[PDB]
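Participant: Below is the structure I would like to discuss, written out as structure tokens.
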Amino acid sequence: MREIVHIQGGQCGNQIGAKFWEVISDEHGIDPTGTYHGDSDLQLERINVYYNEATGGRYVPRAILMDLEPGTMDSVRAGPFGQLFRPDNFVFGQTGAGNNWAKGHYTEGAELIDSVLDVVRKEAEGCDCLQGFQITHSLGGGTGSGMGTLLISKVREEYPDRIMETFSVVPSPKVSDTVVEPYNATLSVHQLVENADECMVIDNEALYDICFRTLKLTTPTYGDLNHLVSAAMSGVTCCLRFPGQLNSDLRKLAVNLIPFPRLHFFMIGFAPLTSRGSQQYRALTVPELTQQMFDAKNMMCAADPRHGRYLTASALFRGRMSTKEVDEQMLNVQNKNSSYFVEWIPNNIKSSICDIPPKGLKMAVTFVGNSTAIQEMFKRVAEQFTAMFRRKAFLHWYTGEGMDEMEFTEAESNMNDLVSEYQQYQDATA
Amino acid sequence: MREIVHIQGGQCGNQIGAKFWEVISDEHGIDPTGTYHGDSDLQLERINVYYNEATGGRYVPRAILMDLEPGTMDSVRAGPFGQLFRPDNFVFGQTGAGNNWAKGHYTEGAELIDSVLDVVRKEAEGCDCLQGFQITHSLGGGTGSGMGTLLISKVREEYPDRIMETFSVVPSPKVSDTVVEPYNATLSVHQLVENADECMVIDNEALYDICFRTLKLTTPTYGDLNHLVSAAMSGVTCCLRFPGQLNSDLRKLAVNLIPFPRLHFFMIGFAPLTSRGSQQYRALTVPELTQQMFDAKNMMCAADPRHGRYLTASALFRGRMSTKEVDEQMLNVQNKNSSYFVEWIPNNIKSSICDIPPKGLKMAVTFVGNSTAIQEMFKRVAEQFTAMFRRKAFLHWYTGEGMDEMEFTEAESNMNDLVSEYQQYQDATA
Amino acid sequence: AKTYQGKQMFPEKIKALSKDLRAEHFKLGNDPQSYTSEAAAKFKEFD
Amino acid sequence: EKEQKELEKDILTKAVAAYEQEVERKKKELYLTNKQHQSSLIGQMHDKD
Amino acid sequence: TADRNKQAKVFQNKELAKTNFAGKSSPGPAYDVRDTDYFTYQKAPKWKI
Amino acid sequence: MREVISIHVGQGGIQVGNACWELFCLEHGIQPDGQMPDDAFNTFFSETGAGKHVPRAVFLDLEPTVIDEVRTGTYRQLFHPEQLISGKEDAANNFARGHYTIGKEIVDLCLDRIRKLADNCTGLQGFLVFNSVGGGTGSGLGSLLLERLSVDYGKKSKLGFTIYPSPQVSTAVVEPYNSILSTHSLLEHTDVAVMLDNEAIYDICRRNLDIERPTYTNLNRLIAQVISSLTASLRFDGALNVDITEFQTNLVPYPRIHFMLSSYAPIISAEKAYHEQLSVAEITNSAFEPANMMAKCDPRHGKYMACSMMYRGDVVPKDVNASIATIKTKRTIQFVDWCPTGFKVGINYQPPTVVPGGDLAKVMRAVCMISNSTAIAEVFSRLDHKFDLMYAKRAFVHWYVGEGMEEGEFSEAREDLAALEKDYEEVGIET
Amino acid sequence: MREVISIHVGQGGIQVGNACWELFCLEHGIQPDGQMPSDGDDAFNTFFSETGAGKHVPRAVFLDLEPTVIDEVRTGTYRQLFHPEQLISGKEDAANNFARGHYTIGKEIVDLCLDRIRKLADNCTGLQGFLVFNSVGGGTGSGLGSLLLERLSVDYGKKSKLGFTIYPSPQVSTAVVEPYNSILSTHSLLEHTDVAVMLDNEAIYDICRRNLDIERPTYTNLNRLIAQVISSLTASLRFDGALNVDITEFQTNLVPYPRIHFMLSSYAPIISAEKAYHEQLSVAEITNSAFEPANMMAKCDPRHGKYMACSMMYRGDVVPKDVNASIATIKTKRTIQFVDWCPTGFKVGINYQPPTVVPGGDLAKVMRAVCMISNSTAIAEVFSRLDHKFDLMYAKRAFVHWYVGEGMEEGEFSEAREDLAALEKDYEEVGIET
Ligand SMILES: Nc1nc2c(ncn2[C@@H]2O[C@H](COP(=O)(O)OP(=O)(O)OP(=O)(O)O)[C@@H](O)[C@H]2O)c(=O)[nH]1
Ligand SMILES: Nc1nc2c(ncn2[C@@H]2O[C@H](COP(=O)(O)OP(=O)(O)OP(=O)(O)O)[C@@H](O)[C@H]2O)c(=O)[nH]1
Ligand SMILES: Nc1nc2c(ncn2[C@@H]2O[C@H](COP(=O)(O)OP(=O)(O)O)[C@@H](O)[C@H]2O)c(=O)[nH]1
Ligand SMILES: Nc1nc2c(ncn2[C@@H]2O[C@H](COP(=O)(O)OP(=O)(O)O)[C@@H](O)[C@H]2O)c(=O)[nH]1
Ligand SMILES: [Mg+2]
Ligand SMILES: [Mg+2]
């Protein structure tokens with residue numbers, strides 16, 4: 001029941017998806033051949049949320065992989081747990097968007113999306129009671145942002161009442177590798193805000209920073225960044241698959257974190273994280289978790305919440321713990337730092353307890369917070385975008401296939417509208 | 001009882017028939033020497049439908065192999081299972097028609113067809129109570145469409161109350177092997193509508209697409225294409241040879257499919273069809289079967305069923321299953337796609353169940369659907385026909401063998417009148 | 260002719279590099295856990 | 393039904409594994425067919441020379 | 050919502066070589082290569098009286 | 001039980017006729033003596057009852073050197089002794105001699121030999137006739153024989169393999185004369201004519217075969233290969249068989265238009281044969297290349313009426329269909345408006361054979377095409393212009409008139425070419 | 001399923017093509033006769054084409070109007086590799102005359118060459134673009150190259166073309182008329198090539214002498230460097246990498262405007278075995294040698310102008326996190342300055358295949374290397390000095406009678422000068438600040 005399908009798009013998205021299914025399968029005890037070898041009966045009770053049952057009793061994930069380049073599949077297929085995916089679900093072209101939003105949205109995505117949208121119907125129609133969709137993609141690449149945002153429109157257009165999530169990676173100027181990142185990122189966020197129910201921003205800059213500061217490992221790699229995101233992804237829907245004191249599905253979090261319909265851009269963080277040098281020195285307690293929960297450096301974004309005011313906060317506790325400690329700690333944090341919390345919404349922190357902790361850690365926490373500090377990331381992207389656009393630089397490739405300048409200007413104003421509107425509540429008082 | 005006789009003509013028909021008998025023989029466990037070596041008692045209960053008993057305890061198919069050249073007949077005799085056919089039933093000329101409809105219907109048609117009716121009359125009278133006839137042939141060739149269509153006319157005038165079936169292969173525009181295809185295809189349709197009780201159209205283009213995309217096999221061949229069609233022919237009469245929950249012989253299909261006497265052109269398909277490397281990820285269930293069964297890609301014709309509306313449809317199921325599960329699927333598919341089903345005829349899907357699955361599978365379905373979208377093929381064939389006929393190209397051969405151009409005018413109008421009368425019900429409303 | 264001659268030159275490193283860059287290198291806390299629910303531990307059958 | 397469901401597991405894995413050899417065998421013999429057929433030209437090259 | 054055509058565009062295997070070599074064919078037989086053996090051989094001498 | 005009889009008249013036909021018979025004998029394993037060391049040889053040969061086989065062919069000529077060359081060669085024991093018709097006085101490049109003076113006393117024996125062969129056959133498919141058109145007995149006897157066979161047998165199919173003069177390379181000076189007079193005979197008496205001028209075959213040998221000094225021995229081997237590919241479906245089983253009667257019913261839109269030109273592929277020497285793969289997709293591209301046309305004509309100057317290509321080897325039905333659709337995509341190749349589909353395709357299993365001492369490299373795939381195009385109107389125009397120059401001052405006329413031919417026979421022959429050309433121009437214009 | 005076709009025209013193009021094809025054969029492990037040794046596939050499909058059994062055929066065609074260099078290839082150790090009919094040779098050389106190779110002789114070879122190009126392109130399914138090599142200072146190089154580009158443009162359309170031209174050096178020169186045929190060739194290629202690379206000979210001499218410690222460099226040494234550059238540029242198509250970059254991801258990241266597609270190259274490390282192992286050659290330091298001005302492969306100083314964009318490729322065992330720190334350090338450095346309307350100006354690619362070492366060569370074996378391709382406003386100086394040279398020559402109409410009598414009109418030289426002046430104005434107005 002309330003099962004959800006998985007869609008990953010682009011080269012960056014597939015890497016997230018490949019590691020995510022490795023994390024979930026280990027949690028549910030599914031071998032790379034898809035045969036269940038678990039120990040407890042709870043591991044199979046709610047396995048229909050993410051998996052489908054085929055002939056012979058094996059389990060196959062309900063994930064749809066898309067791209068515009070055939071190089072992507074042979075790396076993910078040849079990797080560990082690459083045999084779980086149904087070969088019929090691979091849909092992608094042969095040319096590639098070339099880090100161009102227009103190509104991935106106008107001239108090639110349109111011709112191909114009819115095929116991928118079919119298997120989306122096949123997966124969604126087979127569900128007895130669909131809960132929602134989740135999309136993984138990056139906002140710095142062409143096909144990831146291009147086809148990725150266009151699916152958001154058509155999926156929403158056919159399933160309006162369902163819930164929608166996007167784990168989007170935005171480009172940061174500190175670590176940037178493509179000169180047209182400001183262009184395609186600006187256009188995507190225009191279409192994303194109209195359709196996505198919940199959006200989550202993840203930064204490579206913060207992921208590199210958290211690895212250097214907390215984990216203190218000498219050389220991070222794309223495996224580490226993928227795993228940190230995948231750990232937080234499973235925590236969001238953990239209580240949906242396992243019992244707990246206060247179960248809280250996807251819809252419940254959406255209601256309690258969105259005061260107004262256009263404010264649905266969250267930043268997430270995970271705890272506890274510690275280097276194995278100090279792993280045996282730390283003491284795992286509920287007060288210990290919440291201190292690292294609200295740490296500014298622990299956030300998966302470079303937007304500092306201390307530069308703004310929290311609107312709403314959500315905490316999902318995992319493990320065997322008491323309710324009184326959970327309730328009292330949120331109250332104490334909300335009182336010790338009352339300056340950082342907007343005042344006309346009293347007690348604006350939500351809590352949930354699931355008593356099946358992640359493997360390895362006795363207790364763990366995922367944090368989802370809506371704060372006014374995220375506006376500065378849209379601003380700094382806009383500053384770069386408006387700098388290049390005034391001189392018409394790198395433009396004839398976007399305008400060479402039907403796109404025109406009014407689309408860029410229209411995206412500029414609406415994005416500027418969103419940020420100006422988003423800081424309205426930062427200074428608003430009762 | 002209620003047995004049928006098989007008549008095959010032309011190079012295409014003989015290859016279709018040769019593989020069809022091999023499929024039936026394995027189904028009933030009949031060795032190529034005519035000795036029964038089956039395992040189930042049911043395999044011998046209804047063997048008189050297709051086989052005639054002979055002295056020594058061997059069975060001989062009641063097939064009339066007819067042609068104008070000995071080249072294709074010598075090949076089918078040298079192949080496996082070629083010793084089943086009685087040598088008397090091989091009737092063939094020496095000169096051949098050669099893609100000339102006039103030659104195969106007027107010059108060499110009249111002088112040789114006296115012999116074939118002689119053996120047909122012998123076979124038809126011998127049986128206890130005849131059920132009907134079935135003919136496999138190609139409309140793109142001379143002898144197959146020329147003498148084949150005269151054979152039907154002579155038989156129909158002698159057996160007016162019997163069932164007549166033809167499995168017709170029409171020439172598609174994408175794949176063409178003869179330059180004179182439009183002429184001999186148009187003339188046969190004029191004669192085919194007046195006499196045939198049921199007509200089924202097959203495409204070489206559609207069969208190639210199915211093998212390349214669905215079966216995912218690198219080396220298709222005419223042996224493989226004939227395999228798909230052979231399974232379809234065995235499916236329609238499966239419940240006539242074996243018991244089941246709902247028995248529905250060939251005549252019962254006619255009543256529930258043809259609303260008006262001139263609308264008897266069906267398009268068929270078979271399921272499940274899957275690649276041999278991806279059959280371990282699928283699940284064989286009734287809901288999964290009906291999705292592939294109603295898919296436009298699975299259909300054995302180039303016409304798109306979603307471009308028109310279904311008048312009536314019929315599905316035959318083989319294997320063990322629950323009737324409630326089948327009935328709800330027909331109801332559910334009708335409600336979800338009410339736009340594609342004509343409204344002034346409620347409950348326009350017929351379901352039948354037989355409890356003998358095909359060898360090597362646990363479930364199978366056969367789909368026969370009278371859809372208004374089949375008018376596309378008559379449109380494209382006429383468009384090619386009217387292009388050639390305006391310049392009188394390739395016409396001196398037909399007028400050179402006792403035919404006149406007036407017959408072309410009658411054929412063109414009657415075929416055109418078929419399309420107009422057939423499109424009328426597409427937009428008909430209550 | 261003197262410069263270009265027939266030269267003797269002679273994927274494991276590629277695979278080793280590829281697997282490492284998707285690897286963990288840092289694992290997580292070590293697992294002492296056994297699955298048990300909160301509603302099943304408190305409510306037990308009594309004599 | 394639990395056993396027959398498991399009884400379909402070993403049948404399927406053997407049938408799929410068996411299918412692999414025909415894919416490999418056809419490729420192996422095709423190379424041999426071309427290898428000997430190419431070597432016929434070297435005979436033709438010498439005869440022409 | 051996908052017809053029979055415009056679906057083969059999706060990549061399937063290395064078997065698309067049998068159907069995709071000549072989309073960018075640089076059309077066909079547009080150039081001439083007739084009697085271009087003047088370069089590989091030596092032309093016959095032509096003599097004035 | 002299917003038979004074809006081949007007629008070889010003149011020196012040009014006989015020497016091409018010889019090269020056909022090393023290939024036919026080699027395919028079926030028949031030794032030059034004629035004794036084998046199932047019934048596939050029945051198309052060309054005939055069992056003698058015990059042992060040897062004799063060809064179903066007759067050689068006609070008036071000049072003994074070429075015939076006596078055959079009767080003393082390595083094939084002296086193959087042909088029937090009294091089916092090699094040899095004369096005494098050569099026609100000597102004169103059409104009037106071979107049609108009015110010599111041919112009146114020659115055909116009677118010739119039709120007797122044809123009758124004896126025909127009565128032996130039971131399923132006679134048709135006749136094949138070989139003759140160079142720019143010669144005396146080549147056209148003089150060929151015109152007479154075709155006219156006589158048109159009334160003796162009637163509806164039988166006659167295929168003509170002629171060798172028209174090259175645009176600028178020739179060995180005779182009066183050949184523009186006897187070529188035109190022959191056209192008026194074979195236009196109304198031959199079901200299928202093939203364009204096989206010599207200059208185009210020189211270019212193929214120089215470019216593809218890497219031969220710098222081609223000879224008449226080399227050319228006839230190429231022509232022999234085309235004959236084998238054309239009739240390969242009659243004696244070898246295949247996936248798609250095409251009979252002899254399935255050429256006129258598919259390549260002749262109107263009775264007047266029956267002139268087609270052929271191409272063959274691949275033709276590559278062993279030095280660079282398998283330095284490339286020779287896929288089925290590329291061999292069909294080489295067939296349509298204008299340089300590979302066996303006749304000196306440019307298909308790019310006109311539309312295509314109909315196309316018939318025969319595949320032999322290990323091809324499969326998937327790949328021809330993919331290749332044909334590619335050709336229709338091409339813009340440089342344009343078909344006539346009233347013919348949407350114009351390809352007739354046949355597939356055979358027997359690969360082409362290799363003759364010892366030859367030049368062609370052995371391959372597992374081959375294709376031979378007979379194409380009907382409006383571009384063939386050029387060859388008639390250029391020969392018509394040559395005839396106009398000489399006939400302006402009545403040169404060489406006194407030779408023809410003295411041999412019983414009327415003065416005005418040239419005038420009625422010239423008008424036929426003008427009538428023929430206007431037919432091609434009329435057909436090509438779109439509606 | 002991705003392919004690319006390489007065109008070699010002129011003696012210099014053929015000479016560099018020989019070296020690059022030797023390098024590719026060594027890298028993919030194919031013997032010079034074409035046969036695979038002894039007995045992981047499709048790594049060669051980018052450059053080669055399987056014959057169906059054993060040997061391979063390169064996707065290249067060799068052009069020249071003089072057989073002196075071509076016949077060497079047909080006789081040398083690589084006589085069994087190339088297809089015999091794709092090494093196309095003429096009979097009379099252009100003799101340093103652009104008019105001869107563009108109006109008199111070049112029009113007899115171009116049809117056959119395009120037929121060969123069709124016969125090569127119809128056998129490929131994923132052609133990313135064309136690679137064309139030519140030396141600009143020669144007659145047939147400039148003439149046939151320009152005609153080839155002009156015909157390929159109309160015959161193909163949007164297919165990318167990459168030209169690795171070799172402009173004459175500022176003061177070091179071989180011929181005396183080579184300023185003349187450079188102007189016309191530049192005018193022809195400006196509106197017909199998509200990406201052009203500047204590879205003048207004088208700079209490569211300095212790089213060799215300073216790094217490889219060669220006191221007498223020869224044309225053989227220079228060609229190896231260009232071959233290594235091509236291998237680094239194209240390895241991302243045919244080898245597995247962490248952050249792949251295709252050919253089409255150049256014309257979306259390197260050329261801000263359609264008329265500005267002239268760009269420089271730099272390679273590092275270039276070092277001999279005698280001092281290769283005295284340092285660790287970390288990625289932090291090799292990226293500094295890439296931006297070192299004297300290491301640029303073209304005789305142009307980036308310090309005299311702004312930087313537009315920089316697309317630079319790594320190969321070896323480089324880690325993505327290490328690249329970012331070096332890029333941040335470079336951006337922090339003040340001596341290198343970018344245009345204001347380009348906040349982010351780096352495109353980085355990472356590949357796993359280390360640079361293969363040629364036996365008997367000069368370079369040592371190193372675990373890491375970087376190839377840098379930059380676009381900058383500093384390239385304006387190379388045209389200005391060539392413009393001055395051409396003006397000095399054309400002031401009193403010298404050597405012109407050798408061009409007028411071969412079909413070129415008198416006024417052709419005037420139009421090319423206007424094109425060069427407009428191009429310089431375009432760079433100046435692009436480089437000006439807002
Ligand atoms: N293809 C081919 N053509 C030939 C051959 N020998 C002669 N010809 C052609 O025949 C033409 C002239 O005819 P001839 O071969 O001299 O003999 P003919 O046609 O029988 O006429 P007569 O001289 O009267 O015997 C020449 O223009 C040649 O083109 C040959 O061996 N092969
Ligand atoms: N990098 C490099 N450049 C060369 C080489 N050989 C010649 N060049 C350049 O080529 C220019 C002159 O052209 P050539 O290579 O001699 O020959 P071409 O370009 O075909 O012109 P033609 O001599 O008329 O045939 C000179 O200015 C050189 O800069 C070489 O081996 N390596
Ligand atoms: N977390 C993570 N990010 C990646 C990975 N590979 C690439 N990226 C990011 O994705 C961005 C480039 O996106 P791209 O691959 O072009 O997206 P695409 O156009 O959809 O293929 C870069 O800025 C990288 O930071 C990975 O394996 N893991
Ligand atoms: N399904 C199928 N079709 C075939 C086969 N062989 C030929 N055809 C089709 O039949 C057409 C030719 O018809 P033909 O054999 O001449 O018909 P006939 O004249 O009656 O013998 C071709 O276009 C093929 O597409 C076969 O084995 N199976
Ligand atoms: Mg003679
Ligand atoms: Mg030179």
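Protein chains in written order, with the authors' numbering: chain FH, 1 to 430; chain GH, 1 to 430; chain 6H, 260 to 269, 273 to 309; chain 2K, 393 to 441; chain 2I, 50 to 98; chain GE, 1 to 37, 46 to 439; chain FE, 1 to 39, 45 to 439. Heads up, the beta-carbon is just placed ideally off N, CA and C, and yes, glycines get one too.
1) Hey, would you say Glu405 (chain FH) sits closer than 9 Å to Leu395 (chain FH), going by beta carbons?
2) Quick check: is the beta carbon of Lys122 (chain FH) nearer than 9 Å to any beta carbon in chain GH?
3) Taking the alpha helix (DSSP H) that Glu155 (chain GE) falls in, what are its first and last residues?
4) How would you list, in chain order, the residues of chain 2K whose beta-carbon sits under 8 Å from the beta-carbon of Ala58 (chain FE)?
5) What does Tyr282 (chain GE) reach in chain 2K if we use C-beta pairs closer than 7 Å?
6) Looking at the unbroken beta strand (DSSP E) that takes in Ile114 (chain FE), where does it start and where does it end?
7) Would you say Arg83 (chain 2I) lies against chain GE (beta-carbon separation less than 9 Å)?
8) Which residue wins for smallest C-alpha separation from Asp431 (chain FE), given the options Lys280 (chain FE), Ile265 (chain FE), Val159 (chain FE)?
9) Could you tell me whether the Cβ of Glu411 (chain GE) comes closer than 9 Å to any Cβ of chain FE?
10) Of all Cβ atoms in chain 2K, is any one closer than 9 Å to the Cβ of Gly223 (chain GH)?
11) So for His137 (chain GH), helix, strand or coil by DSSP?
Facilitator: On the basis of the data shown:
1) yes
2) yes
3) 144-160
4) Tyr423, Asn426, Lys427, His429, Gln430
5) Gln430, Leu433
6) Taken as a continuous stretch (DSSP letters only), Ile114 (chain FE) belongs to no beta strand (DSSP E), being part of the alpha helix (DSSP H) at 111-126.
7) yes
8) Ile265 (chain FE)
9) no
10) no
11) strand
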